[PDB]
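Since every read-out is calculated from the coordinates, none of them should be taken as a lab result. As a convention, Cβ positions derive from the backbone with ideal geometry for all residues, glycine included, and neighbour counts pool all protein chains shown.
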Amino acid sequence: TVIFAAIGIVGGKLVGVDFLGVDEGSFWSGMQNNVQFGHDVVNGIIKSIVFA
Amino acid sequence: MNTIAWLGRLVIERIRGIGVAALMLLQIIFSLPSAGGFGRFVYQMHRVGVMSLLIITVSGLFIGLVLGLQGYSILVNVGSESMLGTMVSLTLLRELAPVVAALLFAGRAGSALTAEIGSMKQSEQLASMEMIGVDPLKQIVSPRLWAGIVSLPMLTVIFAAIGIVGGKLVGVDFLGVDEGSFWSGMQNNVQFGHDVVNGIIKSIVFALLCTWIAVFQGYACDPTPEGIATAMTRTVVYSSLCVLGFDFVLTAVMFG
Amino acid sequence: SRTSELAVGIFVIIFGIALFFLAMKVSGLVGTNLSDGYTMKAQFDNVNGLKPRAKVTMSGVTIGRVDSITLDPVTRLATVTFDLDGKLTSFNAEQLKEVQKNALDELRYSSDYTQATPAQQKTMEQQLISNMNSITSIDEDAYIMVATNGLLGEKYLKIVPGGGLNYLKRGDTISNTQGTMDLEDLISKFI
Amino acid sequence: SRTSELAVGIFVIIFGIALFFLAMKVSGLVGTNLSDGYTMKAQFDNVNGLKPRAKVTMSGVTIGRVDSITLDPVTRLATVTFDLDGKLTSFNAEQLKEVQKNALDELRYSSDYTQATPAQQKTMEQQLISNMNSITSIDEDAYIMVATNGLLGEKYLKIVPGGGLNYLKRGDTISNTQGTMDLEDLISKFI
Amino acid sequence: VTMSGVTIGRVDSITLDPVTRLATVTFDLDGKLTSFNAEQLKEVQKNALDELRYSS
């Protein structure tokens with residue numbers, strides 16, 4: 001699920017920034033403000049251990 | 001350089017395998033139906049459709065309870081949750097109900113057809129049917145294909161209707177938003193012909209691929225009790241890749 | 001046996017890349033352990049909308065992470081402890097000794113020589129010890145505040161040093177605060 | 001036709017290699033170094049929200065990004081170091097005979113040649129030298145500040161020129177700074 | 001790119017001149033609805049040459 005989530009964001013960066021034309025710097029800096037690590041990335045891993 | 005030679009031999013057989021499955025589809029649909037062909041289509045709608053009714057209705061509720069609970073946690077910070085009824089019914093109608101209801105149809109009723117036509121091939125029922133003179137494509141395969149193209153677009157509507165009603169339960173009656181602004185937020189932003197019809201045409205292209213694959217894999221098996229079970233995972237994988245592959249192509253056309 | 005255990009090794013390598021990409025590239029990892037890492041505190045009245053793990057911003061750069069808030073009912077004002085840095089908030093140099101020579105330059109100058117102790121030796125040597133143990137760049141009289149991120153973002157703590165000249169230790173209470181400011185309070189201050 | 005089982009095993013692996021580099025180009029782990037990049041510096045006081053790989057715009061056009069942010073706790077200020085791009089900010093040989101000239105025709109002007117006119121020869125021979133030297137298109141009159149572009153945040157740096165007969169140098173100190181003016185000040189003045 | 005709020009064109013490239021410090025836009029316009037084609041010459045020839053033979 002980590003390889004699923006990493007490739008999904010990189011793919012979403014391709015059609016958002018490089019094809020539809022949004023700002024690249026405001027794409028990434030919008031992430032680090034709103035997306036925490038321990039509340040979001042760790043809680044996406046514990047959700048997949050109960051699924052596995 | 002054997003591994004490169006084995007890898008090139010793998011995708012050449014998989015290319016030829018498409019060409020057999022294309023010629024098999026032109027023999028089924030380009031034929032006027034034999035006498036008695038409607039009596040078997042009504043029966044095959046029972047096996048494919050009606051048996052799949054329980055999984056779709058239950059799992060459609062569980063996504064609606066999640067979409068109402070996640071959309072409220074985001075839309076309460078910006079303080080605008082009169083758009084809660086819009087984004088729930090816009091996530092389902094154009095995006096999730098065409099896609100998720102094809103990922104559960106490939107499992108339950110998709111792979112079951114490959115076991116059904118597959119076990120008829122190892123136990124020589126298909127070869128015995130032909131010597132009598134009955135053609136097994138028109139007799140066995142063709143009522144299963146037409147019961148797959150019909151039964152999935154009837155099931156994404158039941159998926160989308162139960163998903164909105166489930167999203168209305170946790171949004172309005174448990175978290176406490178206004179009921180009148182829930183429904184009146186829908187009729188402003190959700191058209192019929194642009195959203196509900198384009199969610200049905202997206203599932204007819206999905207119902208063709210999850211059934212033409214799941215029939216061809218059970219017709220072109222290798223007759224072996226452990227060669228059947230290797231072709232039931234070949235038809236869940238190939239269906240889930242063509243659902244998500246034709247998702248992006250149909251989304252770019254319809255909503256671009 | 002060789003090519004099977006190899007293809008698990010190149011499966012761990014790709015998972016390592018896509019774990020690093022999640023951390024440093026879309027979430028950031030500045031941690032709850034900077035250089036050393038002490039813990040000071042302050043006391044507010046209105047901490048509204050402040051979950052655990054906030055930012056602690058000195059002058060524009062993140063230097064820590066808010067731990068937890070606790071309300072003592074004996075005085076009704078909320079208190080919170082937070083960790084800081086010591087390479088960004090204080091000296092590790094002869095800098096510690098540089099700031100002594102301006103403090104006695106302006107205070108006990110030629111005007112106010114015979115206004116404080118005009119033959120001060122140990123009071124002047126009090127400057128040699130009070131500036132050296134666990135000192136910070138933070139003045140005695142700052143004001144700390146809960147500020148918002150941009151326009152309607154999250155909430156953190158931001159220190160505004162300024163004025164006077166005295167320096168406070170590590171682990172103490174900044175007695176100069178002000179709470180957050182929602183819409184209600186705004187309309188209030190207005191009307 | 002044995003090679004046909006080998007011509008396809010080559011165009012499968014290579015097409016699987018070319019889908020790994022394009023996932024390491026559009027991700028920000030391999031590449032995007034800047035052509036003739038040079039990283040200058042300035043000292044600010046409020047750079048809150050200003051991430052790495054931000055935006056730096058000169059007139060309206062993006063020229064470079066931000067990487068490095070320092071906190072100088074001896075005198076508490078921020079310090080920023082960011083890469084520009086030489087293709088839009090630095091001159092070439094056809095312009096170099098022009099950018100030596102455009103100040104030179106104003107070196108011999110009513111204003112700057114009639115400037116203790118015996119030092120018309122001193123303002124001519126000592127200037128051109130360093131001039132043709134390492135000098136970007138940024139004046140000395142330019143001030144840099146933080147802006148945001150919109151009612152929701154981006155937080156980028158902005159360089160506002162002023163003209164002049166003097167230009168900066170590669171990797172230097174842009175000595176006219178300004179921090180941001182949000183939250184507090186904003187609300188206060190807007191009552 | 002809008003004339004009165006109607007999309008007529010797209011922008012393609014934004015460059016910056018170092019010497020004069022003036023930016024540069026470079027856009028493409030559709031020509032089906034901003035040009036005078038062979039029919040629409042009949043509307044402008046009796047109008048754009050009507051300002052030429054004025055009292056001024």
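Globularity index of the protein assembly as shown is 1.32 (Cα radius of gyration / 2.2 N^0.38 Å, N = number of residues). Subtracting the Cα-Cα distance of D:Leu152 and D:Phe15 from their residue separation scaled by 0.36 nm leaves 45.2 nm.
Fewest-first ordering of B:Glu95, E:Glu39 by other beta carbons within 10 Å of each residue's beta carbon gives E:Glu39, B:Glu95. Report the calculated FRET efficiency for B:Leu69 and A:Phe27 (r = Cβ-Cβ distance, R0 = 30 Å), to the nearest 0.05. Once the sixth-power term is evaluated, E becomes 0.65. Which distance in Å, rounded to a whole number, links the C-alpha centroids of segment B:1-46 and segment D:106-131? Cα centres, segment B:1-46 to segment D:106-131: 86 Å.
In plain terms, the residue of A:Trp28, B:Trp183 with the fewest other Cβ atoms within 10 Å comes first and the most crowded comes last, giving B:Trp183, A:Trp28.
Any idea how far apart B:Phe38 and C:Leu6 come out in nm if each label point goes 7 Å out from Cα toward Cβ? Result for the modelled spin labels: 6.3 nm.
DSSP assigns beta bridges within the protein assembly as shown; of those with both partners inside it, close to 85 percent run antiparallel. Each residue, C:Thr32 and B:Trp183, gets one label point 7 Å from its Cα in the Cβ direction; the gap between the two is 4.8 nm. The distance between label points at B:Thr233 and B:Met51 comes to 2.2 nm (points 7 Å beyond Cα on the Cα→Cβ vector). For the protein assembly as shown, the 222 nm mean residue ellipticity estimated from helices alone, with every DSSP H stretch of n ≥ 4 adding -39500 (n - 2.57) and the total spread over all residues, rounds to -14000 deg cm²/dmol. Peptide A:12-19 is shielded by partner chain Cβ atoms: per residue, an average of 2 of them sit within 10 Å of its Cβ. Anisotropy class assigned to segment B:150-254 is prolate, per the alpha carbon gyration tensor with a/c at or over the 1.5 cut-off and a/b larger than b/c. Span-like helix check, chain B: qualifying full DSSP H segments, with Cα axial length of 24 Å or more and mean Kyte-Doolittle of -1.0 or more, are B:2-29, B:53-75, B:153-172, B:198-219, B:234-254. Rounded to the nearest 10 degrees, the inclination of helix D:122-132 to the longest alpha-carbon principal axis of chain D is 0 degrees.
Helix D:8-25 and the longest principal axis of the Cα set of chain D meet at an angle near 30°. Estimated from the Cβ-Cβ distance and a Förster radius of 41 angstrom, the FRET efficiency linking C:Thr123 and D:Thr70 is about 0.65. Using the Cβ-Cβ distance between B:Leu90 and E:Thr24 with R0 = 60 Å, the FRET efficiency computed as 1/(1 + (r/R0)^6) comes to roughly 0.90. Protection proxy ranking of C:7-18, D:125-136, by the mean of other Cβ atoms within 10 Å over each peptide's residues and highest first, is D:125-136, C:7-18. For the pair B:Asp195 and B:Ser119, the difference between a 0.36 nm per residue extended length and the Cα-Cα distance amounts to 23.3 nm.
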